[PDB]
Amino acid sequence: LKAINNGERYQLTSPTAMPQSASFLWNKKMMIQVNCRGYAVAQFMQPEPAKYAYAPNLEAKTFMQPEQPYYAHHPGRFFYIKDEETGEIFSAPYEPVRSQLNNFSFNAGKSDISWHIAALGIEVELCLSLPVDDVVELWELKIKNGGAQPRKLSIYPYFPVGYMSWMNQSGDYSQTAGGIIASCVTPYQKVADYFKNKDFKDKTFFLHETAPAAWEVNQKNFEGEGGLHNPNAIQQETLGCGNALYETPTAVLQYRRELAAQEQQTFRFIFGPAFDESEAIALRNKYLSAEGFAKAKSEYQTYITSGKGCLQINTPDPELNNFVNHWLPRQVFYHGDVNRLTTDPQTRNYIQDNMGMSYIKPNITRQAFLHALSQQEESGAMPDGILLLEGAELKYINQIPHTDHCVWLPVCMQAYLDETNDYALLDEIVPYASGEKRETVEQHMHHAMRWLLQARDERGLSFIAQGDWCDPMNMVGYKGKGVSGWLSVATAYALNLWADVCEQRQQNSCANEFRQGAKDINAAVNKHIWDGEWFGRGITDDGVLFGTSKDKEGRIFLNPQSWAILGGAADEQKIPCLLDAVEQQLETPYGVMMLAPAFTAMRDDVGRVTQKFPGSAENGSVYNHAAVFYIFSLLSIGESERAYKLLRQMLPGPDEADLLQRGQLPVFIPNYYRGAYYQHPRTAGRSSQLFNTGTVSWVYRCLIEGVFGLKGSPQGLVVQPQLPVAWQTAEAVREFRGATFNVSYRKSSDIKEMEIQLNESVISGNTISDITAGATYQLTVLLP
């Protein structure tokens, strides 16, 4: 397991040591998660979510689950190879046959995913990639006779379409399209859904550049009694060229080749959805050639490059370097650039994902604030979701009243303003969700902060309704009286940040109003939530305070601690209680758990969070997004070593036991690693394998502004590093407001205070304030 191609890829060389590991790709309209053994999950937008490769049964509407189980007929991307001289077979990448291989590489790439495998002296290369703007998978297969004698082979792509629909499904070979076309009608019953579903891409295509010897479109006939392990159609000399008539369809082709010693051949295919044959052919003409593949690859590299971000690092930790330089920025960029491929992002996701873009393409951030605030309610309250398309609707959790949505506005805007200095966004005029009222961004923000001050009970604590940041914490306040400890403390943080902005803008009454606000809230928190060694989590509708030392499950939550540090409820006296409480009850080798001990049964004044399996998701996992709010809190009070230790725990490896236990390639941060570390040690640390998470925008922020300490201010670039003490030297390159800063950090026993040199001469203070677009500056930072 290691980086290759100068960081462009990361290679895993066993199909069994880490069998859940995967990587992803995306583009403007789709995403695909590819498992190391050949399984895959693909979703596209049209404009709502859909799939073209289906399960063999009628599946629920869903993308993936955490810790997704795969199974033999799970959708996947495979090539069977048959020795026509011996009848022996194997499959690439490893499933479905699972033969002994002589060689195996799975390569996660920034811009592609690929495998190299060998068996029976035949060398197989498989490469997947996507164009920027169309929904289609670009597949490249290379087969090489690696021996001294000719070899006769039958080569079979197997791209199973699955059970498409109970109403109508079929498939046939189309000579005109040049491959297989499966077709269905998405089930429905209401006449309105006919009109709504009319432009669905209900065909799935698998198209060949090179005409094959034969094909099979009927899944059962492909398998016969041999099943996937040894399909009958492959035991025969030739595929039988069957179709599917209200039978489960499949995409199987056959090439028969005699290959000379050392001879290699290449075959191209495309796979995806289409409205009709005409669209499949349009895509074929556009992509299915050496030239279409090359042009797509180079447009796609350029897209990834445009999102490369603002920080390259060179530290003594080569695993961190590789992760931060090569993998983190693409994962941030995915979130803000396509908003997790939903037409109704959760508001807090929209805002936090876009916060991350401040460091990548800040104009997308700016647009995101304008778009979100145009959907603010006239009361100042923000909706649970942001609609990205006319006609979309709030779905799933966005229909369940949660109360924290306004908080994110000044919290995330702060990052934007520090990075860009675009205080002028505050003067942009935007409407509200209803009414004829158009007001500046700044007036919107004021009304959001007033909303949060009004949405509090007689004690001055924030109402929780059916949840706050913790989506399934739904029964604390469902009767209309319960309050959140996390929301209270986070509200005080928000109010303090926004009061700073008001002061910076000469809005001095506002600055006072909101600072007073924050003091009131923190007082109420200190009176009603503080539990003696840590802050509690909320007070239920019936007046019980939970997240306290009296509770046997859910005894401490991370979030109220992190956010009391930030918002100022935690003073100098309280902070060391927090740190030790968190370390004793929540820290693990895989990072910090969000609550503990995990709940093992329903507690119905807290609610659905407590019914999740203990140590999964919000029920006490190492939930990385909560972990990173703690990291950030630690950085805000100079707890440099603690912060770095806990941040570095998010990245698996290089320890081999760690790698195997988490079962993840280190090419993304998952939403969680399994918690309940004390209750269930066997599974603890296991990765969810979910690449969708708002964690990464905060991780990137922590590195840039906190660890490396290269943070923007209205004066310029502020140098305030918090490197771990083990590093004798490190470098970073920072792109900032159109300039580049080559930074060298070095520990020196000759000094008492940090000393900063700019282009060799020493500065006073810690701000670089003469910044010209296009220039490069040498910074030397000497540290005690």
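Residue indices: 1-based, along the sequence shown.
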| property | result |
| --- | --- |
| 510-518 versus 402-410 - greater average Cα B-factor per the deposited record | 510-518 |
| 496-504 versus 255-263 - which carries the larger mean C-alpha B factor in the record | 255-263 |
| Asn102, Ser621, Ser687, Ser562, ranked by C-alpha B-factor: the highest one | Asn102 |
| Most elevated Cα B-factor in the entry, residues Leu426, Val338, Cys127, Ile89 | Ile89 |
| Lowest, middle or highest third - CA B-factor, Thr588 | middle |
| Third of the chain's Cα B-factor distribution that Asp344 belongs to, per the entry | lowest |
| Third of chain Cα B-factors occupied by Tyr70 | middle |
| Relative C-alpha B-factor of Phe741, binned into the chain's lowest, middle or highest third | middle |
| For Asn321, the third of its chain into which the C-alpha B factor falls | middle |
